[PDB]
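Worksheet: the structure to be examined is printed underneath.
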Amino acid sequence: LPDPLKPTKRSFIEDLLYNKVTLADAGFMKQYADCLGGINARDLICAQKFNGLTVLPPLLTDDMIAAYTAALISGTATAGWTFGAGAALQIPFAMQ
Amino acid sequence: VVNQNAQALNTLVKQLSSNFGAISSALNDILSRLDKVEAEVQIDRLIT
Amino acid sequence: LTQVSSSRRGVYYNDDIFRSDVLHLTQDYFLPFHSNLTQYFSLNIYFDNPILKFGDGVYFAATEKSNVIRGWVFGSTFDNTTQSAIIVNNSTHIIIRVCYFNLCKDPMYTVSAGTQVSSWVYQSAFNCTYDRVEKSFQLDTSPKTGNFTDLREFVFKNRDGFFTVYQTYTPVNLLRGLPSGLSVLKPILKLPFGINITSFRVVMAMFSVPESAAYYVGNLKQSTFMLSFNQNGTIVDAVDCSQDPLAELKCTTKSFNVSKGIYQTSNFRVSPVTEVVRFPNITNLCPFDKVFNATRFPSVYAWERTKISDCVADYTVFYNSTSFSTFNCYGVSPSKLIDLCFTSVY
Amino acid sequence: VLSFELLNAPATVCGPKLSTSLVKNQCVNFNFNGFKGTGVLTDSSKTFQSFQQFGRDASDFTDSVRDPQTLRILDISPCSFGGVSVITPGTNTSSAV
Amino acid sequence: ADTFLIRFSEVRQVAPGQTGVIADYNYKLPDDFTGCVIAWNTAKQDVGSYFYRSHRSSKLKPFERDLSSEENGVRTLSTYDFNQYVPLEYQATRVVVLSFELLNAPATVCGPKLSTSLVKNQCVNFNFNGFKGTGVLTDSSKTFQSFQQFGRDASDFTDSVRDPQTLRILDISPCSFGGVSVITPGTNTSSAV
Ligand SMILES: *[C@@H]1O[C@H](CO)[C@@H](O[C@@H]2O[C@H](CO)[C@@H](O)[C@H](O)[C@H]2NC(C)=O)[C@H](O)[C@H]1NC(C)=O
Ligand SMILES: *[C@@H]1O[C@H](CO)[C@@H](O[C@@H]2O[C@H](CO)[C@@H](O)[C@H](O)[C@H]2NC(C)=O)[C@H](O)[C@H]1NC(C)=O
Ligand SMILES: *[C@@H]1O[C@H](CO)[C@@H](O[C@@H]2O[C@H](CO)[C@@H](O)[C@H](O)[C@H]2NC(C)=O)[C@H](O)[C@H]1NC(C)=O
Ligand SMILES: *[C@@H]1O[C@H](CO)[C@@H](O)[C@H](O)[C@H]1NC(C)=O
Ligand SMILES: *[C@@H]1O[C@H](CO)[C@@H](O)[C@H](O)[C@H]1NC(C)=O
Ligand SMILES: *[C@@H]1O[C@H](CO)[C@@H](O)[C@H](O)[C@H]1NC(C)=O
Ligand SMILES: *[C@@H]1O[C@H](CO)[C@@H](O)[C@H](O)[C@H]1NC(C)=O
Ligand SMILES: *[C@@H]1O[C@H](CO)[C@@H](O)[C@H](O)[C@H]1NC(C)=O
Ligand SMILES: *[C@@H]1O[C@H](CO)[C@@H](O)[C@H](O)[C@H]1NC(C)=O
Ligand SMILES: *[C@@H]1O[C@H](CO)[C@@H](O)[C@H](O)[C@H]1NC(C)=O
Ligand SMILES: *[C@@H]1O[C@H](CO)[C@@H](O)[C@H](O)[C@H]1NC(C)=O
């Protein structure tokens with residue numbers, strides 16, 4: 001679960017799962033200012049933008065997905081198997 | 001998945017250097033050498 | 001010279017082919033949507049008809065009151081050394097002549113209300129290469145009228161030696177200005193002229209000073225238009241895809257109707273307007289006389305080889321001297337070597 | 001029998017043509033020693049050799065060119081820039097985007 | 001029927017995409033030309049002095065004409081002498097240039113051809129003012145304009161045509177009709193289908 005005493009909205013294992021897939025090589029998050037400068041005009045991303053090959057961003061961000069996972073884990077811990085059928089029913093974790 | 005998408009986009013970018021049977025792989029040295037009578041049979045090869 | 005907006009005006013038939021039930025996209029010269037035309041008056045309490053600019057086409061819409069606007073005079077310099085292509089009614093016929101004209105400073109007319117009719121369009125003509133007279137009209141109402149009644153729109157296009165005229169004529173009840181709406185035209189004339197046209201005028205009827213008239217002059221520009229056709233073969237809808245994002249979206253989606261959502265659009269936004277030319281400054285004329293016209297050319301089995309460098313390539317000096325039996329080029333076109341630069345010539 | 005050639009070298013034989021002024025940061029169509037194109041010219045800072053006229057990309061697209069006058073380096077960029085999306089409701093509902 | 005008279009060596013310049021003294025300053029053809037060029041040598045019946053523009057301030061547009069016998073301070077009109085006893089590259093040559101167009105308009109100039117009878121509801125190969133094609137002809141109830149000859153489909157396929165003999169509208173349909181399936185057992189078993 002996320003730590004409320006931290007600036008990040010993701011947990012420790014969720015932070016370790018990030019910084020393991022290198023997304024910088026694909027150029028998913030690139031500005032148009034550095035492409036128009038001309039100093040690094042021989043990049044492999046600015047040619048894709050110059051030839052009309054753009055990459056659209058995903059709808060859901062990472063913070064929303066982290067909130068979804070945290071909600072699912074908290075519902076599993078506090079309620080158990082019964083929050084997927086109807087309303088959430090509290091039960092101690094030992095009895096679950 | 002990331003490597004495959006990046007490789008596909010890089011291949012699509014790099015596939016612009018094939019002349020496809022025309023006299024050049026660029027549209028600027030075809031339009032600045034041949035007149036409009038016989039330059040239309042070279043641009044269509046590039047488009048197709 | 002006040003400027004009035006032209007809302008969805010000036011749509012004609014740029015192609016002579018017949019099309020029905022089609023959303024075909026053209027790329028030709030059109031009047032841009034919501035463009036600002038100039039307003040020329042003819043009030044008495046003046047008479048102005050300056051030498052206008054005829055570029056790739058002209059949109060001419062005149063709100064006449066009683067036949068004040070008669071016709072047009074085309075040409076290039078309006079002098080003794082260039083041919084004009086007037087289209088003027090004599091109040092009974094229509095004469096289309098392409099001669100060497102001798103027009104005055106103000107080509108006025110006179111009306112029969114003042115008991116004086118004398119066409120003063122031009123002094124004399126000579127070396128005329130085209131002339132035709134047709135009487136497909138009735139005599140105009142020479143007496144005047146107290147308000148504007150009808151508006152006539154005209155478009156002239158000169159291309160490949162062919163002069164095409166498109167016209168429309170609609171009745172309104174106007175007091176000042178130009179109405180808003182979509183107007184289509186139809187071809188009536190496809191004459192062969194053979195002259196080049198860059199400036200044109202308009203002839204107006206004076207009474208001894210006219211009462212009231214107004215005409216508007218626009219210039220066509222290169223643009224992309226999407227047109228709609230019914231089962232009759234007429235245009236019922238036309239959108240200029242260079243003014244609004246919705247117009248570009250309609251052009252990209254290939255339909256006049258769109259649903260609710262977000263779509264990616266193509267680029268019909270920018271267009272080049274000025275040209276940049278950069279050449280090295282070399283002024284030496286090439287030895288085209290000591291290479292071509294030598295004293296003794298060598299025999300074929302011992303042909304020589306000469307190097308050419310630091311030159312300018314001007315074939316025009318051969319135009320009034322010699323005629324080549326054959327001249328054929330491989331690799332480059334024989335018409336694009338005037339403006340080319342080479343690195344080594346043997 | 002004349003036999004010309006075109007390379008990435010300084011020219012020696014050229015046709016009669018008058019040079020004009022240089023316009024930057026605008027969508028223009030240019031002409032550099034018979035290399036007719038269309039793009040946006042920008043004062044560049046890349047380094048060439050002592051004889052190179054125009055550089056090339058990975059897709060054989062000319063992006064940097066040296067003008068024959070003043071011997072500077074100019075960068076060429078496309079006139080259209082990026083992707084533009086239009087968000088709209090239905091046409092029967094409204095016409096605001 | 002554009003007609004003029006040039007030297008014999010310049011006939012190669014009357015073509016789409018050429019240069020010289022004829023295709024630059026005298027008479028230029030458009031790039032999308034659709035016509036015929038005819039030229040023949042008459043060095044005996046054409047004797048005199050004929051002029052041509054040597055130099056000009058600018059080139060010529062397609063099918064453009066200028067009769068300026070003197071521009072600025074110079075004539076810009078050189079002359080060559082046409083006679084016999086002269087080299088064949090320097091002899092007169094009449095040139096006639098034609099220009100055609102095939103629109104959806106009534107025909108004016110046609111070739112010699114004899115018209116036959118009209119057969120309907122049969123698979124025949126037709127000919128309507130040079131429009132050669134195959135199909136089944138039948139009477140149509142569609143309404144045309146006052147000038148148009150053949151109306152097109154949504155796939156640029158001519159489905160209706162007007163016969164110039166009797167002014168009426170005909171419909172054109174393909175000879176083959178739809179999909180026809182064959183049901184058979186194995187060949188080694190039988191041959192009935
Ligand atoms: C129509 O032809 C005339 C006559 O050649 C052109 O008038 C001159 O054209 C030259 C071409 O270099 C210009 O430098 C001059 O400024 C023009 N005007 C005068 C008064 O000499 C005219 O430009 C041609 N029109 C078009 C649209 O090409
Ligand atoms: C090449 O130059 C020669 C002279 O070396 C030219 O021949 C003569 O040119 C003069 C010029 O004043 C004429 O008056 C003579 O009639 C010419 N004589 C002959 C026999 O031609 C010649 O015209 C030039 N051009 C070519 C293509 O040979
Ligand atoms: C052919 O054209 C050339 C080029 O214009 C003419 O040569 C010019 O002649 C005049 C008059 O003698 C001189 O003032 C110029 O300096 C010449 N120009 C050049 C570039 O040499 C020539 O007279 C024309 N006629 C003939 C018969 O050759
Ligand atoms: C309106 O006229 C002005 C000049 O007053 C001109 O610059 C402009 O292009 C015209 N059109 C529009 C749509 O503003
Ligand atoms: C124009 O040409 C005519 C030809 O008849 C001549 O009479 C007249 O004097 C000329 N006008 C000039 C040169 O101003
Ligand atoms: C009609 O034009 C002719 C010249 O073709 C002229 O002589 C005649 O006067 C004109 N008619 C009228 C009524 O002005
Ligand atoms: C037409 O031009 C020619 C050539 O200059 C001249 O001889 C003739 O007189 C002109 N025609 C008229 C009617 O002036
Ligand atoms: C076509 O135009 C005619 C008049 O020529 C009119 O009666 C008819 O309604 C029009 N048909 C359509 C489908 O627009
Ligand atoms: C949009 O849709 C309506 C309903 O289908 C259709 O009749 C109409 O022609 C369209 N609107 C236009 C082309 O402006
Ligand atoms: C001529 O070329 C030189 C050398 O490239 C350049 O410096 C100069 O600006 C050019 N123009 C003039 C008018 O001297
Ligand atoms: C000639 O053409 C007319 C008009 O289309 C037509 O009525 C006639 O049948 C044709 N044939 C003969 C033999 O007159």
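The chains in the structure tokens are called A, B, ... from first to last as shown; in each chain the residues are counted from 1, and the ligands are counted from 1 in the order shown.
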
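What chain C places within 12 Å of chain A, counting only C-alpha atoms, is residues 263, 264, 265, 266 and 267 of chain C.
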
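Inspection of the environment of ligand 4, which uses only C-alpha atoms and all ligand atoms and a cut-off of 8 Å, identifies the neighbouring residues as residues 3, 4, 5, 34, 35, 36 and 37 of chain C.
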
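Nearest to ligand 9 of all the residues C:134, C:256, C:52, C:199 is C:256, based on only C-alpha atoms and all ligand atoms.
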
Checklist entry - Taking only C-alpha atoms into account, which of B:10, B:1, B:28, B:45 comes nearest chain A? => result B:10

Item to check | Distance filter 6 Å, only C-alpha atoms, chain E against chain C, as a PyMOL selection string | outcome: chain E and resi 9+18-19+21+54+62-65

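Of the listed residues (D:42, D:29, D:3, D:91), D:42 comes nearest to chain A; the distances count only C-alpha atoms.
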
Item to check | DSSP strand (DSSP E) residues within chain E, listed as number ranges by chain | outcome: E: 2-7, 35-41, 48-52, 78-82, 92-99, 123-128, 131-139, 150-152, 158-163, 168-173

Quick one: contact table of chain C to ligand 9, 12 Å max, nearest atom pair and distance in Å to one decimal per residue, counting only C-alpha atoms and all ligand atoms, chain and number order, as JSON lines?
{"residue": "C:23", "atom": "CA", "partner": "ligand 9", "partner_atom_place_in_ligand_line": "13 (C)", "distance": 10.6}
{"residue": "C:226", "atom": "CA", "partner": "ligand 9", "partner_atom_place_in_ligand_line": "13 (C)", "distance": 11.8}
{"residue": "C:227", "atom": "CA", "partner": "ligand 9", "partner_atom_place_in_ligand_line": "13 (C)", "distance": 10.7}
{"residue": "C:228", "atom": "CA", "partner": "ligand 9", "partner_atom_place_in_ligand_line": "13 (C)", "distance": 8.4}
{"residue": "C:229", "atom": "CA", "partner": "ligand 9", "partner_atom_place_in_ligand_line": "13 (C)", "distance": 10.7}
{"residue": "C:230", "atom": "CA", "partner": "ligand 9", "partner_atom_place_in_ligand_line": "9 (O)", "distance": 10.7}
{"residue": "C:235", "atom": "CA", "partner": "ligand 9", "partner_atom_place_in_ligand_line": "13 (C)", "distance": 11.7}
{"residue": "C:236", "atom": "CA", "partner": "ligand 9", "partner_atom_place_in_ligand_line": "13 (C)", "distance": 8.8}
{"residue": "C:237", "atom": "CA", "partner": "ligand 9", "partner_atom_place_in_ligand_line": "13 (C)", "distance": 7.2}
{"residue": "C:238", "atom": "CA", "partner": "ligand 9", "partner_atom_place_in_ligand_line": "13 (C)", "distance": 9.6}
{"residue": "C:239", "atom": "CA", "partner": "ligand 9", "partner_atom_place_in_ligand_line": "14 (O)", "distance": 10.4}
{"residue": "C:250", "atom": "CA", "partner": "ligand 9", "partner_atom_place_in_ligand_line": "13 (C)", "distance": 10.5}
{"residue": "C:254", "atom": "CA", "partner": "ligand 9", "partner_atom_place_in_ligand_line": "13 (C)", "distance": 11.5}
{"residue": "C:255", "atom": "CA", "partner": "ligand 9", "partner_atom_place_in_ligand_line": "13 (C)", "distance": 7.9}
{"residue": "C:256", "atom": "CA", "partner": "ligand 9", "partner_atom_place_in_ligand_line": "13 (C)", "distance": 4.9}
{"residue": "C:257", "atom": "CA", "partner": "ligand 9", "partner_atom_place_in_ligand_line": "1 (C)", "distance": 5.0}
{"residue": "C:258", "atom": "CA", "partner": "ligand 9", "partner_atom_place_in_ligand_line": "1 (C)", "distance": 8.1}
{"residue": "C:259", "atom": "CA", "partner": "ligand 9", "partner_atom_place_in_ligand_line": "1 (C)", "distance": 9.8}

Chain B near chain E within 12 Å: what's each residue's closest atom pair and its distance in Å to one decimal, counting only C-alpha atoms, ordered by chain then ascending residue number, as a tab-separated table?
residue	atom	partner	partner_atom	distance
B:34	CA	E:17	CA	9.6
B:35	CA	E:17	CA	6.8
B:36	CA	E:31	CA	6.7
B:37	CA	E:31	CA	5.7
B:38	CA	E:17	CA	8.9
B:39	CA	E:31	CA	11.0
B:40	CA	E:32	CA	11.1
